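With PDB, C-alpha atoms inside, this is my_file30.pdb:
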```
ATOM      1  CA  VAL B   1    -146.016 102.661-135.984
ATOM      2  CA  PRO B   2    -149.258 101.331-137.418
ATOM      3  CA  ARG B   3    -148.494  97.624-137.372
ATOM      4  CA  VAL B   4    -150.170  95.036-139.654
ATOM      5  CA  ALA B   5    -149.145  91.709-141.166
ATOM      6  CA  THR B   6    -150.993  88.736-142.526
ATOM      7  CA  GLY B   7    -150.970  85.924-145.008
ATOM      8  CA  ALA B   8    -149.888  82.361-145.564
ATOM      9  CA  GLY B   9    -146.298  82.814-146.601
ATOM     10  CA  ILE B  10    -146.552  86.604-146.911
ATOM     11  CA  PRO B  11    -143.575  87.822-144.850
ATOM     12  CA  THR B  12    -144.359  89.672-141.645
ATOM     13  CA  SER B  13    -142.259  92.789-141.221
ATOM     14  CA  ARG B  14    -141.475  93.245-137.540
ATOM     15  CA  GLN B  15    -142.398  96.170-135.303
ATOM     16  CA  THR B  16    -140.684  99.502-135.814
ATOM     17  CA  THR B  17    -139.176 102.050-133.420
ATOM     18  CA  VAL B  18    -138.833 105.531-134.936
ATOM     19  CA  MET B  19    -137.174 108.423-133.112
ATOM     20  CA  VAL B  20    -136.267 111.473-135.183
ATOM     21  CA  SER B  21    -134.306 114.390-133.773
ATOM     22  CA  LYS B  22    -135.001 117.453-135.901
ATOM     23  CA  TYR B  23    -132.915 120.559-135.317
ATOM     24  CA  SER B  24    -133.694 124.252-135.346
ATOM     25  CA  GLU B  25    -131.775 126.761-137.441
ATOM     26  CA  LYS B  26    -130.568 130.193-136.375
ATOM     27  CA  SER B  27    -130.683 133.364-138.460
ATOM     28  CA  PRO B  28    -129.430 136.384-136.513
ATOM     29  CA  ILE B  29    -130.375 139.648-138.185
ATOM     30  CA  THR B  30    -129.001 143.177-137.894
ATOM     31  CA  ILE B  31    -130.098 146.574-139.119
ATOM     32  CA  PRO B  32    -127.585 149.411-138.762
ATOM     33  CA  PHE B  33    -128.688 152.674-137.233
ATOM     34  CA  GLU B  34    -126.982 156.054-137.323
ATOM     35  CA  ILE B  35    -126.951 158.965-134.878
ATOM     36  CA  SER B  36    -124.452 161.719-135.581
ATOM     37  CA  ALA B  37    -122.034 163.246-133.109
ATOM     38  CA  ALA B  38    -123.563 166.598-134.048
ATOM     39  CA  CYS B  39    -126.888 165.119-132.972
ATOM     40  CA  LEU B  40    -125.437 163.964-129.654
ATOM     41  CA  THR B  41    -123.579 167.258-129.090
ATOM     42  CA  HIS B  42    -126.643 169.372-128.305
ATOM     43  CA  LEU B  43    -127.893 167.247-125.400
ATOM     44  CA  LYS B  44    -124.367 167.062-124.024
ATOM     45  CA  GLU B  45    -122.751 170.498-124.328
ATOM     46  CA  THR B  46    -125.665 172.660-123.005
ATOM     47  CA  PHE B  47    -125.473 175.883-124.996
ATOM     48  CA  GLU B  48    -127.209 179.101-124.035
TER      49      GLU B  48
ATOM     50  CA  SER T   1    -118.024 187.324-107.795
ATOM     51  CA  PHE T   2    -120.487 185.349-109.918
ATOM     52  CA  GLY T   3    -117.845 184.815-112.593
ATOM     53  CA  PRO T   4    -115.404 182.611-110.623
ATOM     54  CA  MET T   5    -118.338 180.716-109.108
ATOM     55  CA  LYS T   6    -119.275 179.509-112.566
ATOM     56  CA  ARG T   7    -115.558 178.754-112.964
ATOM     57  CA  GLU T   8    -114.893 176.828-109.745
ATOM     58  CA  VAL T   9    -117.811 174.513-110.454
ATOM     59  CA  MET T  10    -116.093 173.592-113.723
ATOM     60  CA  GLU T  11    -112.459 173.587-112.579
ATOM     61  CA  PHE T  12    -113.229 171.475-109.473
ATOM     62  CA  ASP T  13    -115.595 168.738-110.694
ATOM     63  CA  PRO T  14    -113.522 166.477-113.024
ATOM     64  CA  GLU T  15    -111.640 163.444-111.769
ATOM     65  CA  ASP T  16    -111.867 161.352-114.965
ATOM     66  CA  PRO T  17    -110.082 162.703-118.078
ATOM     67  CA  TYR T  18    -112.693 162.583-120.818
ATOM     68  CA  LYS T  19    -115.496 162.783-118.250
ATOM     69  CA  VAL T  20    -118.009 163.796-120.940
ATOM     70  CA  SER T  21    -117.391 160.521-122.819
ATOM     71  CA  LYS T  22    -118.470 158.370-119.871
ATOM     72  CA  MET T  23    -121.490 160.648-119.602
ATOM     73  CA  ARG T  24    -122.136 159.864-123.260
ATOM     74  CA  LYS T  25    -122.007 156.154-122.421
ATOM     75  CA  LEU T  26    -124.577 156.689-119.672
ATOM     76  CA  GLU T  27    -126.910 158.945-121.645
ATOM     77  CA  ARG T  28    -127.132 156.517-124.580
ATOM     78  CA  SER T  29    -127.606 153.222-122.719
ATOM     79  CA  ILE T  30    -130.335 154.754-120.565
ATOM     80  CA  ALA T  31    -132.131 155.853-123.730
ATOM     81  CA  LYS T  32    -131.326 152.535-125.449
ATOM     82  CA  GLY T  33    -131.265 149.848-122.722
ATOM     83  CA  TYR T  34    -127.619 148.820-122.027
ATOM     84  CA  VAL T  35    -125.970 149.139-125.412
ATOM     85  CA  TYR T  36    -123.220 146.577-125.870
ATOM     86  CA  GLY T  37    -119.760 147.603-126.879
ATOM     87  CA  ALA T  38    -119.654 150.658-124.633
ATOM     88  CA  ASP T  39    -116.582 149.633-122.638
ATOM     89  CA  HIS T  40    -113.733 149.074-125.097
ATOM     90  CA  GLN T  41    -110.114 149.937-124.496
ATOM     91  CA  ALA T  42    -109.682 148.577-128.033
ATOM     92  CA  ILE T  43    -110.612 150.108-131.371
ATOM     93  CA  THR T  44    -112.532 147.903-133.794
TER      94      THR T  44
END
```

Is it possible to express this structure as structure tokens?
Amino acid sequence: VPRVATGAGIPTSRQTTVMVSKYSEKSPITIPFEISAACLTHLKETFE
Amino acid sequence: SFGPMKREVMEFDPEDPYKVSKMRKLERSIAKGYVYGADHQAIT
């Protein structure tokens, strides 16, 4: 802390220790995605 | 003679029941980098 005090009778506020823990915040996203079984059939049945 | 040699490849390969389905689990996760949720005895 930037410390300063002074004066003749002006009260001197003592030194200050500041520790702040500041958290993070999660936001898990998701897009859905579609592949049909008719799409996967042609790789995996091997027609003529 | 060629007929039953196409047959006895088919009728002698499978040891797992829906063997195509485990081949579907391989041929997706190789294209898509170890998809989760492949192995489920449950239905969600």

>> Can you work out which residues from chain B touch chain T at a cut-off of 10 Å (counting only C-alpha atoms) and hand them back as number ranges by chain?
In response: B: 40-41, 43-45

> Expanded to explicit residues, what is the PyMOL selection byres ((chain B and resi 14-21) around 7) for this file, as a ChimeraX atom specification?
Replying inline: /B:1,3,12-13,22-23

Axis-aligned box over every listed atom of segment 8-22 of chain B, padded by 6 Å per side: centre and edges in Å to one decimal, as lines of an AutoDock Vina configuration file?
```
center_x = -142.1
center_y = 99.9
center_z = -140.0
size_x = 27.6
size_y = 47.1
size_z = 25.8
```

> Any idea what the distance is between atom CA of residue 25 of chain T and atom CA of residue 38 of chain T?
Replying inline: 6.4 Å

> So what do you get for atom CA of residue 36 of chain B versus atom CA of residue 17 of chain T, distance-wise?
Replying inline: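 Separation of atom CA of residue 36 of chain B and atom CA of residue 17 of chain T: 22.7 Å.
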